[PDB]
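J.: Structure incoming, see below.
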Amino acid sequence: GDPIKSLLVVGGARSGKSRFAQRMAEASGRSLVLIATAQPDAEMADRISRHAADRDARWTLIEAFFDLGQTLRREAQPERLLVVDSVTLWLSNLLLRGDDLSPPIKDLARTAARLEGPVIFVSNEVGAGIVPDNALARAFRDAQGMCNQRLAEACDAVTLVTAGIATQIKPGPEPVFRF
Amino acid sequence: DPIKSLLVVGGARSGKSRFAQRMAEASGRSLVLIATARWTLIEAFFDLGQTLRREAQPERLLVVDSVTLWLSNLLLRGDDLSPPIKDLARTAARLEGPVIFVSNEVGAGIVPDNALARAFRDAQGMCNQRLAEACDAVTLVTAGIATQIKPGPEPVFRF
Amino acid sequence: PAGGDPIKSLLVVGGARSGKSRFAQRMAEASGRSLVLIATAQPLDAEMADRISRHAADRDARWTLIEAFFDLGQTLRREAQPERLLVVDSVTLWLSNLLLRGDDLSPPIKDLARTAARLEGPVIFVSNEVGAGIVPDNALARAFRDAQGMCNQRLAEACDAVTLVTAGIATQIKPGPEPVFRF
Ligand SMILES: Nc1nc2c(ncn2[C@@H]2O[C@H](COP(=O)(O)OP(=O)(O)O)[C@@H](O)[C@H]2O)c(=O)[nH]1
Ligand SMILES: Nc1nc2c(ncn2[C@@H]2O[C@H](COP(=O)(O)OP(=O)(O)O)[C@@H](O)[C@H]2O)c(=O)[nH]1
């Protein structure tokens, strides 16, 4: 079909969303850049090594632990495809630093909608479990859900990845009901 | 084809509440909100079934704010949830006018450590299955995007 | 191949109390095969014993039951036959049994995924999505969540068909062409 400038990929923990984003990037023929958001315990180091092992010499790596929107604005061009490592771990970095999450979320969705070069956003679903016991985890769950809603609105295409299988949900007609 | 009932399921801050609200405001009907200036507003923490029967008319379009919190209530009071959940599903088929039920998916994380969360997780799943079966239509809302799963033929696999 | 042609393998994925077991049961009862439940659930407590009771009560006398708390791949390889249909109770509870015994999870996950390629008869795998909540507090819960996600990826790749069950309603996601994008 026609080229898009923005894809959002939403999936659970260890859903295959990362691998799916990587394959969509490697099929594009663009210059490939990974926008890394993960801060390196041994659980994170293992993830970062797994991902790095499974990326060949075509890939450039730029770190953006906090300044993700600014990084996207600076690095995006038609000749390149940027893949955001994890929207989730970027949100996690802001939360734990003390940041108010609503402005950076609003700014990222604004940036997504105005992109001049293609970007794939990889993000977690974290909303389909029980209400968390502590306040900070409830605020994170809330913000990640708000963030994915804003990004889905801004982005040209949205895919859900379940057990390694991609399903497109945008573009697509919203269901209509007559009562 | 017109429908009498819609179940809307999503995660926390999925966009499902605003999806259900917006489906009413597209309907041409007399929009009403149930809680557990074109809108009325009613409370039903413990009667929901009984309530919906009373407050539904052919011209009205009710919206249940959370199935999720009504469940919580019966849970807290120590109620056997199997009969009430069965009742509300029967109710959902026989309303005097249309109804949009808004409900959470809560089963797609790990098994909770405390008994009450485990019991609520279980009831919420059974409740969504029973409302999905009774309702004419069911939509999954994911990151603010609605996908229809009913009506539509369920897949069949042969062995 | 047409969609109604016999398949060898189906993965059914859903959250807790999603209808996934009933979906598997319905697909099995529509076949003409000898129906065998491969039970992985241990009656560790009253809550598990209740779930076991509900599953036993749901199944008419057409069903045979074979326990495989730990040795699931070996059980499938031994018990699969062209005239039988094997239904795996819960992949999730098999993994939970391995997690608490202390086994490394990756080798038996990969063995199960390869096994699903070359059974002598058809199989349905019922498994939980456990990835769509918040990151767990403890290390064992985090290791479990990660292994279950990896397991479902491997089973979905290996199986002829994959369905997501949500509020008791099945949606097919395999077979089906993957989305394609140009950038
Ligand atoms: N402790 C911890 N581990 C994480 C976190 N985020 C990701 N991980 C680990 O990385 C896994 C997800 O790996 P990844 O390849 O990113 O998954 P995919 O892209 O969904 O297939 C999880 O199951 C965890 O093991 C986090 O915030 N905390
Ligand atoms: N305590 C405990 N309960 C569980 C576990 N696994 C499943 N259950 C219970 O069994 C319910 C799932 O029933 P099941 O018939 O398997 O659901 P379906 O196949 O998803 O409809 C859950 O909501 C829990 O109440 C577990 O590991 N521990």
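Residues are named by chain letter and number: chains run A, B, ... in the order of the structure tokens, numbers start at 1 in each chain, and ligands are numbered from 1 in the order shown.
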Please identify all polymer residues within 12 Å of residue 8 of chain C, counting only C-alpha atoms, omitting same-chain residues fewer than 5 positions from it, and present them as a list in words.
T.: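 Within the cut-off, the hits are residues 157, 158 and 159 of chain B; 80, 81, 82, 83, 84, 85, 86, 87, 115, 116, 117, 118, 119, 120, 121, 122, 123, 124, 125, 158, 159, 160, 161 and 162 of chain C.
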J.: Keeping only N, CA and C atoms, write the selected residues as a tab-separated table (two decimals), in the first residue's frame.
T.:
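And here is the file that came out, selection_5.tsv:
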chain	number	residue	atom	x	y	z
B	157	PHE	N	-12.45	-24.94	13.84
B	157	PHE	CA	-11.25	-25.72	13.46
B	157	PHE	C	-11.66	-27.19	13.43
B	158	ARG	N	-11.25	-27.91	12.39
B	158	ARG	CA	-11.60	-29.33	12.20
B	158	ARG	C	-10.37	-30.22	12.40
B	159	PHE	N	-10.56	-31.41	12.98
B	159	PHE	CA	-9.46	-32.36	13.28
B	159	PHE	C	-9.79	-33.76	12.75
C	80	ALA	N	-0.39	-39.20	21.64
C	80	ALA	CA	-1.01	-38.68	20.39
C	80	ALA	C	-1.11	-39.84	19.39
C	81	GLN	N	-2.24	-39.93	18.73
C	81	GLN	CA	-2.59	-41.00	17.77
C	81	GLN	C	-3.57	-40.41	16.78
C	82	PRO	N	-3.61	-40.90	15.53
C	82	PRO	CA	-4.49	-40.33	14.51
C	82	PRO	C	-5.98	-40.37	14.89
C	83	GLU	N	-6.41	-41.33	15.72
C	83	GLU	CA	-7.84	-41.49	16.08
C	83	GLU	C	-8.14	-40.71	17.36
C	84	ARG	N	-7.14	-40.09	17.97
C	84	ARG	CA	-7.30	-39.31	19.21
C	84	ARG	C	-7.17	-37.81	18.96
C	85	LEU	N	-7.78	-37.04	19.84
C	85	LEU	CA	-7.55	-35.59	19.98
C	85	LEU	C	-7.18	-35.32	21.44
C	86	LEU	N	-5.95	-34.86	21.67
C	86	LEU	CA	-5.37	-34.48	22.98
C	86	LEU	C	-5.63	-32.99	23.21
C	87	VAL	N	-6.16	-32.67	24.38
C	87	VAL	CA	-6.36	-31.26	24.81
C	87	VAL	C	-5.52	-31.06	26.07
C	115	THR	N	7.92	-30.56	19.69
C	115	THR	CA	7.03	-31.74	19.81
C	115	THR	C	5.74	-31.49	19.03
C	116	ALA	N	5.20	-30.28	19.15
C	116	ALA	CA	3.96	-29.82	18.49
C	116	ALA	C	4.07	-29.92	16.96
C	117	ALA	N	5.30	-29.94	16.42
C	117	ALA	CA	5.56	-30.11	14.97
C	117	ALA	C	5.32	-31.56	14.52
C	118	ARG	N	5.53	-32.57	15.36
C	118	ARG	CA	5.57	-33.95	14.80
C	118	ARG	C	4.90	-34.98	15.73
C	119	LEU	N	3.72	-34.66	16.26
C	119	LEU	CA	2.86	-35.67	16.94
C	119	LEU	C	2.16	-36.54	15.90
C	120	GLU	N	1.76	-37.73	16.34
C	120	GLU	CA	1.17	-38.78	15.48
C	120	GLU	C	-0.34	-38.52	15.39
C	121	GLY	N	-0.84	-37.52	16.12
C	121	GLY	CA	-2.24	-37.09	16.03
C	121	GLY	C	-2.45	-35.66	16.53
C	122	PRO	N	-3.67	-35.14	16.37
C	122	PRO	CA	-3.95	-33.73	16.63
C	122	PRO	C	-4.03	-33.38	18.11
C	123	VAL	N	-3.72	-32.11	18.38
C	123	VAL	CA	-3.55	-31.55	19.75
C	123	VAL	C	-4.13	-30.13	19.78
C	124	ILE	N	-4.78	-29.79	20.88
C	124	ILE	CA	-5.14	-28.40	21.21
C	124	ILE	C	-4.40	-28.02	22.48
C	125	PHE	N	-3.67	-26.89	22.43
C	125	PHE	CA	-2.96	-26.29	23.58
C	125	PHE	C	-3.78	-25.13	24.12
C	158	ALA	N	4.66	-22.72	16.08
C	158	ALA	CA	4.61	-24.16	15.77
C	158	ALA	C	3.20	-24.60	15.32
C	159	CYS	N	2.12	-24.03	15.86
C	159	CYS	CA	0.75	-24.58	15.68
C	159	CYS	C	0.17	-24.17	14.32
C	160	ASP	N	-0.66	-25.02	13.73
C	160	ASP	CA	-1.33	-24.67	12.45
C	160	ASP	C	-2.28	-23.49	12.64
C	161	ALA	N	-2.91	-23.35	13.81
C	161	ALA	CA	-3.91	-22.28	14.01
C	161	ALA	C	-3.80	-21.75	15.44
C	162	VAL	N	-4.19	-20.50	15.61
C	162	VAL	CA	-4.09	-19.79	16.90
C	162	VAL	C	-5.35	-18.95	17.04
J.: Would you mind writing down, as an NGL selection string, each residue of segment 36-111 of chain B that DSSP on the backbone assigns to helix (DSSP H, G or I)?
T.: :B and (48-55 or 67-77 or 82-93)
J.: Which residues of chain C come within 9 Å of chain B, and what is each one's closest atom pair and distance in Å (one decimal), counting only C-alpha atoms, sorted by chain and residue number, as CSV?
T.:
residue,atom,partner,partner_atom,distance
C:3,CA,B:157,CA,7.5
C:4,CA,B:158,CA,5.9
C:5,CA,B:158,CA,6.5
C:6,CA,B:159,CA,4.5
C:7,CA,B:159,CA,5.5
C:8,CA,B:159,CA,6.8
C:9,CA,B:159,CA,8.5
C:10,CA,B:157,CA,8.0
C:14,CA,B:108,CA,7.3
C:15,CA,B:108,CA,4.3
C:16,CA,B:107,CA,4.5
C:17,CA,B:125,CA,4.8
C:18,CA,B:125,CA,5.7
C:19,CA,B:129,CA,6.8
C:27,CA,B:157,CA,6.5
C:28,CA,B:159,CA,8.0
C:30,CA,B:158,CA,7.8
C:31,CA,B:159,CA,6.0
C:32,CA,B:159,CA,8.0
C:33,CA,B:159,CA,7.8
C:85,CA,B:159,CA,7.7
C:122,CA,B:159,CA,6.6
C:123,CA,B:159,CA,8.8
C:128,CA,B:108,CA,7.5
C:129,CA,B:108,CA,5.2
C:130,CA,B:109,CA,4.1
C:131,CA,B:109,CA,5.5
C:132,CA,B:108,CA,5.3
C:133,CA,B:109,CA,4.4
C:134,CA,B:109,CA,7.5
C:136,CA,B:110,CA,8.0
C:141,CA,B:110,CA,7.5
C:144,CA,B:110,CA,8.7
C:145,CA,B:110,CA,7.1
C:161,CA,B:157,CA,8.1
C:163,CA,B:155,CA,8.2
C:166,CA,B:129,CA,8.0
C:167,CA,B:129,CA,4.3
C:168,CA,B:129,CA,4.7
C:169,CA,B:154,CA,7.1
C:170,CA,B:154,CA,5.8
C:171,CA,B:154,CA,6.5
C:172,CA,B:155,CA,6.0
J.: Please produce a file of the residues just selected, as a CSV table (one decimal), in the first residue's frame, where the atoms kept are C-alpha atoms.
T.:
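Written out: out18.csv:
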chain,number,residue,atom,x,y,z
C,3,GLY,CA,-10.0,-23.5,6.4
C,4,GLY,CA,-12.2,-26.6,7.0
C,5,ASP,CA,-9.5,-29.1,6.0
C,6,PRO,CA,-8.3,-31.1,9.1
C,7,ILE,CA,-5.4,-29.4,11.0
C,8,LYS,CA,-2.8,-31.0,13.4
C,9,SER,CA,-2.5,-28.3,16.1
C,10,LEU,CA,-4.4,-25.4,17.6
C,14,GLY,CA,-6.8,-16.1,26.8
C,15,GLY,CA,-6.7,-14.4,30.3
C,16,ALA,CA,-7.9,-16.0,33.5
C,17,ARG,CA,-11.6,-17.2,33.2
C,18,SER,CA,-11.7,-16.1,29.6
C,19,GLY,CA,-13.7,-19.1,28.2
C,27,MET,CA,-13.8,-27.6,19.1
C,28,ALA,CA,-12.8,-31.1,20.4
C,30,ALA,CA,-17.3,-31.2,17.3
C,31,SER,CA,-14.6,-33.7,16.0
C,32,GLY,CA,-15.1,-37.5,15.6
C,33,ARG,CA,-11.9,-38.4,17.6
C,85,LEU,CA,-7.5,-35.6,20.0
C,122,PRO,CA,-4.0,-33.7,16.6
C,123,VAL,CA,-3.6,-31.5,19.8
C,128,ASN,CA,-2.9,-18.1,29.5
C,129,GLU,CA,-1.9,-14.6,28.5
C,130,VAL,CA,0.0,-13.3,31.6
C,131,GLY,CA,1.9,-10.4,30.0
C,132,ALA,CA,-0.6,-7.5,29.9
C,133,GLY,CA,-0.5,-6.4,33.6
C,134,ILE,CA,2.3,-4.4,35.5
C,136,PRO,CA,5.6,-8.0,39.2
C,141,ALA,CA,6.8,-14.0,39.2
C,144,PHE,CA,7.3,-16.9,35.1
C,145,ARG,CA,5.7,-14.0,33.2
C,161,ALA,CA,-3.9,-22.3,14.0
C,163,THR,CA,-7.2,-18.2,18.5
C,166,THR,CA,-11.8,-12.7,25.1
C,167,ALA,CA,-15.0,-12.6,27.4
C,168,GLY,CA,-15.8,-16.2,26.0
C,169,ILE,CA,-15.6,-15.1,22.3
C,170,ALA,CA,-12.9,-16.6,20.0
C,171,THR,CA,-11.0,-14.6,17.3
C,172,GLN,CA,-8.8,-16.4,14.8
J.: Within 6 Å of ligand 1, counting only C-alpha atoms and all ligand atoms: which residues, as a list in words?
T.: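 Counting only what the definition allows, namely only C-alpha atoms and all ligand atoms, the set is residues 12, 13, 14, 15, 16, 17, 18, 43, 44 and 47 of chain A; 135, 145 and 146 of chain C.
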J.: What does the distance from atom CA of residue 126 of chain C to atom CA of residue 20 of chain C come to in Å, to one decimal?
T.: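 Between atom CA of residue 126 of chain C and atom CA of residue 20 of chain C the gap is 6.7 Å.
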J.: Grab the atom CA of residue 143 of chain C to atom CA of residue 122 of chain A distance for me, in Å with one decimal place.
T.: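 Separating atom CA of residue 143 of chain C from atom CA of residue 122 of chain A is a distance of 21.4 Å.
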J.: Select, as a ChimeraX atom specification, those residues of chain B with any atom no more than 9 Å from chain A (distances computed using only C-alpha atoms).
T.: /B:1-6,10-15,23,26-29,61,97-99,104-110,112,117,120-121,137,139,142-148
J.: Quick check: residues of chain A within 9 Å of chain C, only C-alpha atoms, returned as a compact mmCIF listing (two decimals) with C-alpha atoms, in the first residue's frame.
T.:
# COMPACT_ATOMS: atom_id res chain seq x y z
CA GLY A 1 0.00 0.00 0.00
CA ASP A 2 1.00 3.71 0.34
CA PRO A 3 3.93 4.53 2.72
CA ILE A 4 3.11 5.62 6.36
CA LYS A 5 5.28 7.80 8.69
CA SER A 6 4.13 6.29 12.05
CA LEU A 7 3.32 2.78 13.39
CA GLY A 11 1.78 -5.93 23.24
CA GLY A 12 2.25 -7.60 26.62
CA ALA A 13 5.54 -8.57 28.29
CA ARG A 14 7.50 -10.98 26.07
CA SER A 15 4.80 -10.77 23.35
CA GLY A 16 7.22 -10.63 20.33
CA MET A 24 8.90 -4.18 9.87
CA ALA A 25 11.98 -1.85 10.03
CA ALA A 27 11.68 -4.71 5.38
CA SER A 28 11.58 -0.86 4.81
CA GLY A 29 14.90 -0.28 2.90
CA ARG A 30 15.50 2.80 5.19
CA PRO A 78 12.55 10.40 5.28
CA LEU A 81 13.47 4.67 10.15
CA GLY A 117 10.53 10.77 8.97
CA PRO A 118 9.11 7.30 9.80
CA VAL A 119 9.05 6.00 13.41
CA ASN A 124 3.39 -2.40 26.50
CA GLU A 125 -0.22 -3.05 27.39
CA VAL A 126 -0.18 -2.90 31.22
CA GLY A 127 -3.93 -2.31 31.84
CA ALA A 128 -5.47 -5.84 31.57
CA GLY A 129 -4.56 -7.10 35.10
CA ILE A 130 -5.94 -6.17 38.55
CA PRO A 132 -2.19 -2.42 41.71
CA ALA A 137 2.12 1.54 40.19
CA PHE A 140 2.07 4.32 36.03
CA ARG A 141 -0.72 1.88 34.82
CA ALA A 157 -1.05 2.55 11.84
CA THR A 159 -0.82 -3.25 15.48
CA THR A 162 -0.21 -11.39 20.82
CA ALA A 163 2.05 -14.50 21.22
CA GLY A 164 4.30 -13.18 18.40
CA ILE A 165 1.41 -12.64 15.89
CA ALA A 166 0.64 -9.08 14.64
CA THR A 167 -2.98 -7.90 14.08
CA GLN A 168 -3.59 -4.46 12.48
J.: Restricting the calculation to only C-alpha atoms and all ligand atoms: of C:137, C:29, C:47, C:60, which residue gets closest to ligand 2?
T.: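 Closest residue, counting only C-alpha atoms and all ligand atoms: C:47.
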